[PDB]
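Visitor: Going down the list, the protein sequences come from chains Bk, BE, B2, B5 and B3.
Take 294 as the starting number for the first sequence in the authors' numbering and just add one per residue.
Letter by letter, the second sequence follows residues 290 to 314, 322 to 358, 380 to 426, 458 to 654, 718 to 769, 786 to 1051 in the authors' numbering.
Take 75 as the starting number for the third sequence in the authors' numbering and just add one per residue.
Take 1 as the starting number for the fourth sequence in the authors' numbering and just add one per residue.
Take 215 as the starting number for the fifth sequence in the authors' numbering and just add one per residue.
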Amino acid sequence: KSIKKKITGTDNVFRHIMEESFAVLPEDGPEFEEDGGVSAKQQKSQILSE
Amino acid sequence: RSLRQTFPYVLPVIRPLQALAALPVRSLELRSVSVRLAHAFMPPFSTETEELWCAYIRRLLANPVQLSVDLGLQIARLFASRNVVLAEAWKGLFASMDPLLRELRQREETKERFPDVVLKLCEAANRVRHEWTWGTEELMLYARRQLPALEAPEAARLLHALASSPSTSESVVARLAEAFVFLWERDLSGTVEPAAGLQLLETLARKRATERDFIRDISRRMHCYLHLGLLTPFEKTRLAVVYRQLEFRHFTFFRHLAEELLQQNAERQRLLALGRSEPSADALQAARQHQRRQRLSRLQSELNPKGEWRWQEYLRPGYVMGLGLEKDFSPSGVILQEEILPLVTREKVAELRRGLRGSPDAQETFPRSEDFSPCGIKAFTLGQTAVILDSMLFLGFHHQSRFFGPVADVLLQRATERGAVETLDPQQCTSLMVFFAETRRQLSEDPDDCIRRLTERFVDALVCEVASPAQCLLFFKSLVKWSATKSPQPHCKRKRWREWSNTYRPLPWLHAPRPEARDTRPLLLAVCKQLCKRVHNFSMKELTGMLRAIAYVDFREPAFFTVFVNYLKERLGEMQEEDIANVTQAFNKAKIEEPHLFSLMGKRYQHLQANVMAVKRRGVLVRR
Amino acid sequence: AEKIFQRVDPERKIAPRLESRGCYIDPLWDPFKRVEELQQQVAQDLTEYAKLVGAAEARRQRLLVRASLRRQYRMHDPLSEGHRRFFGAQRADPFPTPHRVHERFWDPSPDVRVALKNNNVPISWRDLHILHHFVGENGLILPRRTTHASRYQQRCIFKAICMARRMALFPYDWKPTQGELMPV
Amino acid sequence: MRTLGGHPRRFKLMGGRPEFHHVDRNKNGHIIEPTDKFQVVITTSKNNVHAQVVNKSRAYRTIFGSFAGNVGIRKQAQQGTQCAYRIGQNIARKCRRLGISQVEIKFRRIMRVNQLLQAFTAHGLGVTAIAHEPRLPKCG
Amino acid sequence: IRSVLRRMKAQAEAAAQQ
RNA sequence: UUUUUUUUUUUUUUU
RNA sequence: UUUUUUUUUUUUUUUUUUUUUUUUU
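#1: Find the residues of chain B5 that neighbour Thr-1011 (chain BE), judging by a C-beta separation of less than 8 Å, and give them in chain order.
#2: Can you confirm whether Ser-295 (chain Bk), when its beta carbon is compared against all beta carbons of chain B2, has any partner nearer than 7 Å?
#3: Taking only beta carbons into account, state which residues of the segment 475-501 of chain BE come closer than 8 Å to chain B2, listed in chain order.
#4: Between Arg-597 (chain BE) and chain Bk, is the shortest Cβ-Cβ distance under 7 Å, so that the two count as touching?
#5: Mapping DSSP to helix, strand and coil, what is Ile-63 (chain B5)?
#6: Do you know offhand how far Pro-184 (chain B2)'s Cα is from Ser-786 (chain BE)'s?
#7: Quick check on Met-1040 (chain BE): does DSSP put it in helix, strand or coil?
#8: Could you tell me the distance, in whole angstroms, from the CA atom of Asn-55 (chain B5) to the CA atom of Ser-871 (chain BE)?
#9: Taking all protein chains shown into account, do 16 or more other C-beta atoms lie within 10 angstroms of the C-beta of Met-1028 (chain BE), making it buried, or fewer, making it exposed?
#10: Using C-beta distances below 7 Å, list every residue in its chain close to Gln-115 (chain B5), excluding the 5 sequence neighbours before and after it, in chain order.
#11: Please check if any C-beta of chain Bk sits within less than 7 Å of the C-beta of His-571 (chain BE).
#12: According to DSSP, simplified to helix, strand and coil, what is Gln-827 (chain BE)?
#13: Hey, out of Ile-563 (chain BE), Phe-830 (chain BE), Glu-849 (chain BE) and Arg-768 (chain BE), whose CA is closest to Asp-630 (chain BE)'s CA?
#14: Taking the beta strand (DSSP E) that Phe-107 (chain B5) falls in, what are its first and last residues?
#15: By a C-beta neighbour count over all protein chains shown, 10 Å radius and 16 as the cutoff for buried, is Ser-291 (chain BE) buried or exposed?
#16: One question on the structure: do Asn-1015 (chain BE) and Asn-28 (chain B5) come within less than 7 Å of each other, judged by their Cβ atoms?
#17: Determine, using beta carbons only, whether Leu-333 (chain BE) and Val-299 (chain BE) come nearer to each other than 7 Å.
#18: Looking at C-alpha atoms only, which residue of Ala-491 (chain BE), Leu-531 (chain BE), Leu-952 (chain BE) and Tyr-725 (chain BE) is the closest neighbour of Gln-135 (chain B2)?
#19: Just the Cα atoms here: how many angstroms apart are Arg-308 (chain Bk) and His-825 (chain BE)?
#20: Where does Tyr-147 (chain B2) fall in DSSP's three states?
#21: At a threshold of 6 Å, does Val-127 (chain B2) count as lining the ligand SAM (C-beta to nearest heavy atom)?
#22: Can a CB atom of chain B2 be found closer than 7 Å to the CB of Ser-342 (chain Bk)?
#23: What residues from chain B5 crowd round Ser-1026 (chain BE), counting only those whose CB sits closer than 7 Å?
#24: Taking 7 Å as the threshold (beta carbon to beta carbon), is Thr-756 (chain BE) in contact with chain Bk?
#25: Taking only three categories from DSSP, how would you classify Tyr-931 (chain BE)?
#26: Applying the criterion that 16 or more other CB atoms from any shown protein chain within 10 Å of the CB defines a buried residue, is residue 143 (chain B5) buried or exposed?
#27: How many Å lie between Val-814 (chain BE) and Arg-845 (chain BE) at the Cα?
#28: Quick check on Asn-55 (chain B5): does DSSP put it in helix, strand or coil?
#29: Of the residues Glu-320 (chain Bk), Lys-297 (chain Bk) and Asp-304 (chain Bk), which one's Cα is nearest the Cα of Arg-603 (chain BE)?
#30: So that I know if they touch, is there some Cβ in chain Bk lying closer than 7 Å to that of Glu-93 (chain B2)?
#31: Which residues in chain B2 sit within 9 Å of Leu-531 (chain BE), going by Cβ to Cβ distance?
#32: What residue range is occupied by the uninterrupted beta strand (DSSP E) comprising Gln-1003 (chain BE)?
#33: Have a look at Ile-100 (chain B5) and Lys-1030 (chain BE) and give me their C-alpha separation to the nearest angstrom.
#34: How would you label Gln-1003 (chain BE), buried or exposed, when you count the other beta carbons within 10 angstroms and need 16 or more for buried?
#35: Which residues mark the beginning and the end of the alpha helix (DSSP H) in which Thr-912 (chain BE) is found?
#36: Rounded C-beta distance between residue 775 (chain BE) and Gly-577 (chain BE)? I'm assuming under 8 Å.
What follows is the structure in C-alpha cells.
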C-alpha cells in the first residue's frame, strides 16, 4: 500500500531472529545440504556400495 | 596561432621556429617530437583554453590525411589523458585510419590486429563517453566467433570493454556471459585475487544478469581476504560500490565497515589528550599532491633548458573516480583494526558445514603482481567515508537504528571542519550531499555552511566539463529535498481542518554575483548556460530532472524554458512515463502556460497507462 | 494412463519420483545402473582435450554437447506435454462428458480433496485458508454440485464463511487477498 | 422548420462565449492536465439514456454530460435505436476537443449499452477496461 | 553422443598420420 | 427541459 | 476529519473549498 495509513507502529521480529542466526550459520555459507529432505534421505538408505 | 602573448608554451605551431621544415607541396621523421613533447606541456582542455585543439586549427595530419601507422596509439592516448570534448577530433582520426586498419587482413586470410588496434583504441574512446558505432559492431562480432578460443585472462578483459558500452544491446551481452562462466567455473574458484576478482563483477553490475549462483562464490573468496587482513583500502571501498548496483544486502559485511569508522575516530581522539597527534588521512592524501606538482615542474625545465593546471591529477591514467589512486594505498585491516566480526569461510570448511550439524584445498594469495608497500597512506580518507555510506542508504540500512547512528555522527564531525571540502574528487562530492538530505531530522547541528562550500565547487567542475550527466544529476535532485519541510497549514474553508503542504527554505547565496572570483557570473546562471550548450549529450531521463530543479529556486525566466519547446516536440515518442511527470511541474511553477505542448503530452501519458487496471479501494489489480 | 494413475494416490500429483524407486525396484535389478557406466565413458572418451588438436578446439566442442542435452531434456517424460511438442502431434478429442451427473459418481480434484478432510477436523470460522476455495468471483456461495462435498459438511462450511464475514474477517463481493490467507 | 441538434433553452442564452467557459478550473488555471484518468458512467432506462464523464484525478469530479434532449431528439423518437447512437457520437466528438484519448466505460445495465459502444470506436475513442457493478438487492 | 565422438576421433588420426 | 404512453396529457424545475 | 490517482535514488511527487447548467473541429 502506497498510502501512509497502514500499520506503522510496530516492531519487526523476523529480522531479529535472522540477525541472531548468523552466529551459527554465516551468510556466505551453504544454502542447502547434500542429505536433503525425507525424499533424498530415503535414496541414500537404498543405494548399495560397490 | 598568431596570438602567443598568453600561452608561452613549447611547440607554438608545430616546430619551435619552423612549420614542417617548409616541406614542398615523408612527414614522420622530421615531426616525431610533436606528440612526444605534447604529453606534459599542455594544460587540461576547458572553456578558458579554447586554443587547445587536437588538430591545431586543421594544421596537423591534414589535403588527404595519411601517414598514421606509427603514431596511432600515442595520439589516441593523449586525448584520453585530458578529457577532450571537441567533436572535430574523433571524426578525423577514425577516417585517417580507414586505409591503414582495413588493409591489415593480410595475415588473417607487425603488432596484432584486434588486441593492439581495436581493443586499445576502444578503451581510450570509452573513457571520454564518446559515441563509436563502428567499433562496437567490429568488436562484438569478433567476440561472437572465437569466444571459446580465448583464455581466461583474455576473456576477462574482453568482456569488460563490452559491458562498458551502452550502445550495445543488453540481451545479447548477457547471453555471452553464460558461456564464459560455464567454461570457467572451477579454475576461477580458488586461483583468484582481489585485484582481478573485482573486474569480473563489474561486467555483471553495469549490465542486467541473473547469475546469482556465480556471484556468491566470488564474494565468498573476497571476504576471506578481509578477515586475513590483506585487502587494501582502495579495494575495500571498491567492493561496496558494486554491491549497490547488485542490491546485495549483506549484513555481516556492512556491519564490519560501520564499526571500522568508529575505531578510526575513537583512536585519533584518544591520542589528542596526551600531546601526540598523528596526522589525519585527509592531510596525507593532499601531502603527496604537492610532490607530484613539484616533480612535473622540474621535468619541464630539464627537458627545455633555456590557474589552468588546477585539475591535473583526476585526469591522470589509472585514477578511479570515487575511490582515489591505485598506487596511493597499502594493505591494512585486521592487522591494525578489529579482528572479530566477519565470519571467514573457505572451500574446505564450507563442505564440512554442509553435512550434519550438532588449507590444501583453498589457498589465498594476494601478492602476485607487485609489492604493495609504498609507506604511503593508511586507513580511509575523508572522502572515502561518504562513498561507502551512500550504498547503505540506497539499500535501506539507515532504518535499523543499530549501527548507522554512531556512524553518521562521525562523518558530520569531519564534514564541518575548516578546510575539509577542498581536497576530494567531484564524484565524492555528490554522495556527501545525499547523506545530509537523506537524514534531515537526525543531525546534531544544521550544516548550512557545508552546503554553500560544496555547491560552489560543483558549478566550477561542471563548467570545465569534467563530470558525467548522471553524476551531475544527484546533486541537483537532492538539493531541493534538503530545502523542503512538510507542514500542515489550515485549510481555506474550515480552519479546524488540516492539509499537508510543502515549504521550501529560501536561498540567499545562489543569485548574487562573485566579483572577487574571475567568473563574475552567479552559480545559478552558470549551470543553465552549460546545460543549454550541451543539451544533446543529456538523455531524456537526465533532462527532465535538471529542468524540474531549476524552477524550484524561483527562476522566473520564461525565455530559458522557451528554447526546449522545439527540442521536446521532435522527441516526444522517446519520452518515458516518469519524464511526463517531471516536466509539467516545471512550467506550472514558473507560470509558463503552453497549450501546444501540454495538449500533445496528454495523449502520450494516457497511451502508456493503457495496460494498467486499477479499481477503487483495492489498488492495481491487473498490470500488463 | 493419466486418469487411472490418480486412484492409487488421490492426495498427490503424478510425477517422476526417481528418488523413491527402491520401494518398487530391487537395488540389484535397478535399470539405472547402466547410466553410471555410460556417464563415465563419455568423460573418458574426451581424449582430444590435448592429444591431437589441443585445447583450442576442445572447448568449442564442449558447448555443442551442452546444447544437445538441454534441447532433448523433455524426452524423459512421455506423459508430460514436452513429448507432444517435440514430435508435433495434434491435441486429443475426448468424448463430451455430461456436466449433470448422479451423486454416486464424483471425481474431485486432488488439490481440493485434501483440504476437505482437514486432518479429520471439522472446518470452522478459524480456518480462513480453506474457505477461500469455496467462493466464486462475485463472493456467492457455490452449490453442492461444484465444490463436490458431502451433505453434512456442506451446511457446516456455509456457517463458517457466514460468521467470518460478520467479524470483518472476509470480503463481501470479491475473493480474499494474499494477506488474509492465515488461520486464527 | 429550422431544426437544430441541440438544446433550445441553452441556445437562447448564447452570447458569443467560447466553449468550456462556465466549467470551473484548478488553481494553476489549466482546465485539464496531461496526467489524468476518466471513467464515463452510463445509465440506461426505458425512454431516455444519460452518460456523464467523471474524472478520477479530481476526486471523482464531473466535467460534462449529454442526454436525449441535447441532440434534437424528442417525443417517441427517443425510444428508437438512433437516440442511443446519436448520444454516443456527441460524446466521442466532444472528447477530441478537450484532449482526451483513453476513457474507461462503466455501466449498470446491459439493455441500451450496444449503440454507445459501437459509436465510440468509429471516431477514435478507445476502450481500456469494462466495469460492471450491478447493485442487486440482497434482501426480499 | 559416444558414437559420433569415437568416429570423429579416428578421422583426425588418419589425416595426421599421413 | 425532465418523467410517462401504442400516442398524448396532467404534474415538476426557472439563469 | 476523510483521503482520490501514480512512480521507484528511497517514507517520493501533483491536485485540494460539490459537480453538471450548448451542436459541427
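Using N, Cα and C, we set each Cβ at its ideal position, and we do this for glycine too.
Guide: Let me spell this out:
#1: Per Cβ cutoff of 8 Å: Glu-33, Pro-34 and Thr-35.
#2: Chain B2, which has no Cβ nearer than 7 Å to the Cβ of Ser-295 (chain Bk), makes this no.
#3: Residues passing the 8 Å Cβ filter: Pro-496 and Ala-497.
#4: Cβ-Cβ to chain Bk under 7 Å: no for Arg-597 (chain BE).
#5: Looking at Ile-63 (chain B5) - three-state DSSP - the assignment turns out to be strand.
#6: When rounded, the distance between both Cα atoms is 53 Å.
#7: Reduced to three states, the DSSP call for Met-1040 (chain BE) is strand.
#8: Distance between the alpha carbons of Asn-55 (chain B5) and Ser-871 (chain BE): 47 Å.
#9: By the 10 Å Cβ count, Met-1028 (chain BE) comes out buried.
#10: Around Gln-115 (chain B5), the same chain offers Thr-81, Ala-84, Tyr-85 and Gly-88 as residues with beta carbons nearer than 7 Å, after the five sequence neighbours per side are excluded.
#11: It does: the Cβ of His-571 (chain BE) has a partner Cβ on chain Bk nearer than 7 Å.
#12: Looking at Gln-827 (chain BE) - three-state DSSP - the assignment turns out to be coil, as it is neither helix nor strand.
#13: The option with the nearest alpha carbon to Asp-630 (chain BE) is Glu-849 (chain BE).
#14: Its beta strand (DSSP E) spans residues 104-107.
#15: Burial call: exposed.
#16: A contact, by the Cβ cut-off of 7 Å.
#17: The answer is yes: Cβ separation under 7 Å.
#18: From the listed residues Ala-491 (chain BE), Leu-531 (chain BE), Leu-952 (chain BE) and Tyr-725 (chain BE), the smallest Cα separation to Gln-135 (chain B2) is found for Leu-531 (chain BE).
#19: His-825 (chain BE) has its alpha-carbon roughly 15 Å from the corresponding atom of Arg-308 (chain Bk).
#20: Note: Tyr-147 (chain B2) maps to helix in three-state DSSP.
#21: The ligand SAM is not part of this structure, which contains no ligands at all.
#22: By this cut-off, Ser-342 (chain Bk) is not an interface position.
#23: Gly-99, listed in chain order.
#24: Closer than 7 Å: yes.
#25: In the displayed model, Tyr-931 (chain BE) falls within coil according to three-state DSSP, outside both helix and strand.
#26: This structure cannot speak to residue 143 (chain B5), because chain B5 is shown only from 1 to 140.
#27: The straight-line gap separating the alpha-carbon atoms of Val-814 (chain BE) and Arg-845 (chain BE) is approximately 21 Å.
#28: In the structure shown, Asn-55 (chain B5) sits in a strand (DSSP, three-state: E or B).
#29: Per the C-alpha coordinates, the member of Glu-320 (chain Bk), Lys-297 (chain Bk) and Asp-304 (chain Bk) positioned closest to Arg-603 (chain BE) is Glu-320 (chain Bk).
#30: Chain Bk contact via Cβ: present.
#31: Chain order gives the chain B2 residues near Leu-531 (chain BE) as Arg-133, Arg-136 and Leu-137, where near means a beta carbon separation below 9 Å.
#32: Where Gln-1003 (chain BE) is concerned, there is no enclosing beta strand (DSSP E), given that its DSSP letter is neither H nor E.
#33: Cα-Cα distance, rounded: 7 Å.
#34: Using a 10 angstroms sphere on the CB of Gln-1003 (chain BE), the tally of other CB atoms stays under 16, which defines it as exposed.
#35: Where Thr-912 (chain BE) is concerned, there is no enclosing alpha helix (DSSP H), although the beta strand (DSSP E) it sits in stretches over 912-914.
#36: Chain BE lacks the residues between 769 and 786, and residue 775 (chain BE) is one of those with no coordinates.
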